[PDB]
Amino acid sequence: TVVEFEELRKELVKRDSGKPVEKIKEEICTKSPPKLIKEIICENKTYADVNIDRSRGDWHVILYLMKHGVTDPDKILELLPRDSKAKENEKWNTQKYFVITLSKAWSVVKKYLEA
């Protein structure tokens, strides 16, 4: 288990955008027309403003950033809204659930981008 997380850690930093989040939000907001994922990141609003489930939003938001070319867990995390389950939880459950969503999200996009 632990060794599989270190294998994921090296894979993300190898596929990361290598650019700071302050630059990422510029490319995020000019690479797509109006969209649910764009509404969250380009206006700093929260899931309750778009009336979506916080766990469902965390899925589509995380998979989208990976397709944008950014994959560092600190960049993906920093762009999540206030109501994110990966930002508001029992603290210890925050880090646990974040990796469960991050590891499965990266699994779906990496098999999709290498297709």
# chains A, B, ... in the order shown; residues from 1 in each chain; ligands from 1
$ residues_around --residues "residue A:39" --least-positions-apart "5" --cutoff "10 Å" --atoms "only C-alpha atoms" --output "NGL selection string"
:A and (29 or 34 or 44-47 or 49-50)
$ write_last_selection --atoms "N, CA, C and O atoms" --output "PDB file, in the first residue's frame"
ATOM      1  N   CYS A  29      -8.809  29.216 -17.429  1.00  0.00           N
ATOM      2  CA  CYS A  29      -9.942  30.077 -17.720  1.00  0.00           C
ATOM      3  C   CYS A  29      -9.968  30.524 -19.186  1.00  0.00           C
ATOM      4  O   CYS A  29     -10.958  31.105 -19.624  1.00  0.00           O
ATOM      5  N   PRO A  34     -17.550  28.552 -21.267  1.00  0.00           N
ATOM      6  CA  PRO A  34     -18.268  28.437 -20.008  1.00  0.00           C
ATOM      7  C   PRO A  34     -18.586  26.978 -19.698  1.00  0.00           C
ATOM      8  O   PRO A  34     -19.114  26.258 -20.548  1.00  0.00           O
ATOM      9  N   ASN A  44     -13.728  31.462  -7.994  1.00  0.00           N
ATOM     10  CA  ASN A  44     -13.421  31.084  -6.617  1.00  0.00           C
ATOM     11  C   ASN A  44     -14.677  30.770  -5.790  1.00  0.00           C
ATOM     12  O   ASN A  44     -14.633  30.821  -4.560  1.00  0.00           O
ATOM     13  N   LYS A  45     -15.793  30.449  -6.453  1.00  0.00           N
ATOM     14  CA  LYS A  45     -17.041  30.113  -5.771  1.00  0.00           C
ATOM     15  C   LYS A  45     -16.957  28.695  -5.204  1.00  0.00           C
ATOM     16  O   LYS A  45     -15.906  28.059  -5.262  1.00  0.00           O
ATOM     17  N   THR A  46     -18.069  28.201  -4.655  1.00  0.00           N
ATOM     18  CA  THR A  46     -18.110  26.898  -4.004  1.00  0.00           C
ATOM     19  C   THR A  46     -19.219  26.006  -4.555  1.00  0.00           C
ATOM     20  O   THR A  46     -20.090  26.479  -5.282  1.00  0.00           O
ATOM     21  N   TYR A  47     -19.192  24.717  -4.211  1.00  0.00           N
ATOM     22  CA  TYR A  47     -20.140  23.758  -4.760  1.00  0.00           C
ATOM     23  C   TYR A  47     -21.595  24.093  -4.438  1.00  0.00           C
ATOM     24  O   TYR A  47     -22.493  23.747  -5.202  1.00  0.00           O
ATOM     25  N   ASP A  49     -22.835  26.976  -4.513  1.00  0.00           N
ATOM     26  CA  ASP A  49     -23.260  28.072  -5.371  1.00  0.00           C
ATOM     27  C   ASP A  49     -23.783  27.486  -6.684  1.00  0.00           C
ATOM     28  O   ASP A  49     -24.673  28.059  -7.312  1.00  0.00           O
ATOM     29  N   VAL A  50     -23.229  26.343  -7.092  1.00  0.00           N
ATOM     30  CA  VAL A  50     -23.650  25.648  -8.307  1.00  0.00           C
ATOM     31  C   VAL A  50     -24.572  24.471  -7.986  1.00  0.00           C
ATOM     32  O   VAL A  50     -24.960  23.734  -8.889  1.00  0.00           O
TER      33      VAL A  50
END
$ select_by_dssp --residues "stretch 34-88 of chain A" --states "alpha helix (DSSP H)" --output "list in words"
residues 36, 37, 38, 39, 40, 41, 54, 55, 56, 57, 58, 59, 60, 61, 62, 63, 64, 65, 66, 67, 68, 73, 74, 75, 76, 77 and 78 of chain A
$ write_last_selection --atoms "N, CA and C atoms" --output "compact mmCIF listing (two decimals), in the first residue's frame"
# COMPACT_ATOMS: atom_id res chain seq x y z
N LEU A 36 -19.04 24.02 -15.99
CA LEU A 36 -19.18 23.86 -14.55
C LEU A 36 -17.82 23.97 -13.86
N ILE A 37 -16.80 23.31 -14.42
CA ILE A 37 -15.47 23.28 -13.82
C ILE A 37 -14.84 24.68 -13.91
N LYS A 38 -15.17 25.43 -14.97
CA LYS A 38 -14.63 26.76 -15.17
C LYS A 38 -15.28 27.74 -14.19
N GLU A 39 -16.56 27.53 -13.87
CA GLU A 39 -17.28 28.39 -12.95
C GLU A 39 -16.68 28.32 -11.55
N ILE A 40 -16.18 27.15 -11.15
CA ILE A 40 -15.65 26.96 -9.81
C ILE A 40 -14.28 27.62 -9.66
N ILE A 41 -13.39 27.42 -10.64
CA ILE A 41 -12.00 27.85 -10.53
C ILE A 41 -11.81 29.31 -10.94
N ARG A 54 -20.61 17.62 -3.17
CA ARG A 54 -19.22 17.98 -2.97
C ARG A 54 -18.28 16.86 -3.40
N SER A 55 -18.70 15.60 -3.26
CA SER A 55 -17.86 14.47 -3.65
C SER A 55 -17.88 14.28 -5.16
N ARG A 56 -19.03 14.56 -5.79
CA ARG A 56 -19.17 14.45 -7.23
C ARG A 56 -18.41 15.58 -7.92
N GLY A 57 -18.42 16.77 -7.32
CA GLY A 57 -17.69 17.90 -7.85
C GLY A 57 -16.19 17.65 -7.76
N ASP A 58 -15.73 17.12 -6.62
CA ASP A 58 -14.32 16.81 -6.42
C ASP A 58 -13.79 15.83 -7.46
N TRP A 59 -14.64 14.94 -7.97
CA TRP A 59 -14.22 13.99 -8.97
C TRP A 59 -13.97 14.70 -10.30
N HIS A 60 -14.98 15.40 -10.83
CA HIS A 60 -14.88 16.03 -12.14
C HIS A 60 -13.85 17.15 -12.15
N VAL A 61 -13.63 17.79 -11.00
CA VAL A 61 -12.68 18.90 -10.91
C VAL A 61 -11.25 18.34 -10.93
N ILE A 62 -11.00 17.23 -10.24
CA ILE A 62 -9.65 16.68 -10.17
C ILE A 62 -9.24 16.06 -11.51
N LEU A 63 -10.16 15.36 -12.18
CA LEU A 63 -9.84 14.73 -13.45
C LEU A 63 -9.59 15.79 -14.52
N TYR A 64 -10.25 16.95 -14.41
CA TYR A 64 -10.09 18.00 -15.40
C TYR A 64 -8.74 18.70 -15.34
N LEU A 65 -8.20 18.88 -14.13
CA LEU A 65 -6.90 19.52 -13.96
C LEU A 65 -5.80 18.63 -14.52
N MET A 66 -5.93 17.31 -14.37
CA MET A 66 -4.96 16.38 -14.91
C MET A 66 -4.93 16.46 -16.43
N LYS A 67 -6.10 16.63 -17.05
CA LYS A 67 -6.20 16.77 -18.50
C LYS A 67 -5.69 18.13 -18.97
N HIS A 68 -5.60 19.10 -18.05
CA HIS A 68 -5.07 20.43 -18.36
C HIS A 68 -3.54 20.39 -18.41
N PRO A 73 -0.25 17.21 -6.54
CA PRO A 73 -1.33 17.15 -5.57
C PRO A 73 -1.54 18.48 -4.85
N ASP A 74 -0.51 19.32 -4.75
CA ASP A 74 -0.63 20.61 -4.10
C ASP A 74 -1.31 21.64 -5.00
N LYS A 75 -1.17 21.49 -6.32
CA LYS A 75 -1.82 22.38 -7.27
C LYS A 75 -3.27 21.96 -7.44
N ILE A 76 -3.52 20.65 -7.52
CA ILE A 76 -4.86 20.12 -7.67
C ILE A 76 -5.69 20.49 -6.44
N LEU A 77 -5.08 20.40 -5.26
CA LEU A 77 -5.74 20.68 -3.99
C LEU A 77 -6.06 22.16 -3.85
N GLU A 78 -5.12 23.02 -4.27
CA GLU A 78 -5.24 24.45 -4.06
C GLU A 78 -6.40 25.04 -4.88
$ residues_around --residues "residue A:86" --least-positions-apart "5" --cutoff "8 Å" --atoms "only C-alpha atoms" --output "list in words"
residues 58, 77, 80, 94, 95, 97 and 98 of chain A
$ residues_around --residues "residue A:15" --least-positions-apart "2" --cutoff "8 Å" --atoms "only C-alpha atoms" --output "PyMOL selection string"
chain A and resi 11-13+17+69-71
$ closest_residue --among "A:115, A:3, A:10, A:79" --to "residue A:25" --atoms "only C-alpha atoms"
A:79
$ atom_distance --atom1 "atom CA of residue A:1" --atom2 "atom CA of residue A:14"
20.4 Å
$ residues_around --residues "residue A:4" --least-positions-apart "4" --cutoff "10 Å" --atoms "only C-alpha atoms" --output "CSV table (one decimal) with N, CA and C atoms, in the first residue's frame"
chain,number,residue,atom,x,y,z
A,8,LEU,N,2.9,6.5,-7.1
A,8,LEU,CA,2.0,7.5,-7.6
A,8,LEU,C,2.7,8.9,-7.4
A,9,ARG,N,3.4,9.2,-6.3
A,9,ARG,CA,3.9,10.5,-6.0
A,9,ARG,C,5.0,10.8,-7.1
A,103,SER,N,-5.8,9.2,-6.4
A,103,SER,CA,-5.2,8.0,-7.0
A,103,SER,C,-6.2,7.4,-8.1
$ decode --residues "stretch 12-28 of chain A" --atoms "N, CA, C and O atoms" --output "compact mmCIF listing (two decimals), in the first residue's frame"
# COMPACT_ATOMS: atom_id res chain seq x y z
N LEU A 12 3.14 11.62 -10.57
CA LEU A 12 2.48 12.91 -10.68
C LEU A 12 3.51 14.01 -10.95
O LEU A 12 3.32 14.82 -11.86
N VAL A 13 4.60 14.05 -10.18
CA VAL A 13 5.59 15.11 -10.35
C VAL A 13 6.30 14.99 -11.70
O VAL A 13 6.86 15.98 -12.19
N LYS A 14 6.29 13.80 -12.30
CA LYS A 14 6.87 13.59 -13.62
C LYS A 14 5.93 14.10 -14.72
O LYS A 14 6.38 14.45 -15.81
N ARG A 15 4.63 14.15 -14.43
CA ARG A 15 3.61 14.57 -15.38
C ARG A 15 3.06 15.96 -15.05
O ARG A 15 2.15 16.44 -15.73
N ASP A 16 3.58 16.61 -14.01
CA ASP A 16 3.08 17.90 -13.56
C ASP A 16 3.41 19.00 -14.58
O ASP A 16 4.27 18.82 -15.44
N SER A 17 2.71 20.13 -14.47
CA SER A 17 2.88 21.25 -15.39
C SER A 17 4.18 22.01 -15.12
O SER A 17 4.68 22.71 -16.01
N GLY A 18 4.74 21.88 -13.91
CA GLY A 18 5.99 22.53 -13.55
C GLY A 18 5.82 24.05 -13.41
O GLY A 18 6.82 24.77 -13.34
N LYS A 19 4.58 24.54 -13.37
CA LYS A 19 4.29 25.97 -13.28
C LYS A 19 3.37 26.25 -12.09
O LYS A 19 2.52 25.43 -11.76
N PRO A 20 3.53 27.41 -11.44
CA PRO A 20 2.83 27.77 -10.22
C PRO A 20 1.34 27.94 -10.48
O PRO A 20 0.94 28.34 -11.57
N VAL A 21 0.52 27.65 -9.47
CA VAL A 21 -0.94 27.70 -9.59
C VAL A 21 -1.45 29.08 -10.02
O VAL A 21 -2.52 29.17 -10.60
N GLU A 22 -0.69 30.15 -9.75
CA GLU A 22 -1.12 31.49 -10.12
C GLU A 22 -1.12 31.63 -11.64
O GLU A 22 -1.82 32.49 -12.17
N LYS A 23 -0.34 30.80 -12.33
CA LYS A 23 -0.31 30.79 -13.79
C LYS A 23 -1.33 29.79 -14.33
O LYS A 23 -1.91 30.01 -15.39
N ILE A 24 -1.55 28.70 -13.59
CA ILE A 24 -2.45 27.64 -14.03
C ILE A 24 -3.87 28.17 -14.20
O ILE A 24 -4.54 27.83 -15.17
N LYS A 25 -4.33 29.00 -13.26
CA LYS A 25 -5.70 29.51 -13.31
C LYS A 25 -5.93 30.39 -14.53
O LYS A 25 -7.06 30.55 -14.96
N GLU A 26 -4.86 30.96 -15.10
CA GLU A 26 -5.00 31.76 -16.30
C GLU A 26 -5.29 30.85 -17.48
O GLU A 26 -6.19 31.11 -18.27
N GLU A 27 -4.52 29.76 -17.60
CA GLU A 27 -4.69 28.83 -18.71
C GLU A 27 -5.99 28.05 -18.57
O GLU A 27 -6.59 27.67 -19.57
N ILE A 28 -6.44 27.81 -17.33
CA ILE A 28 -7.68 27.09 -17.08
C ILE A 28 -8.87 27.89 -17.59
O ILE A 28 -9.83 27.32 -18.11
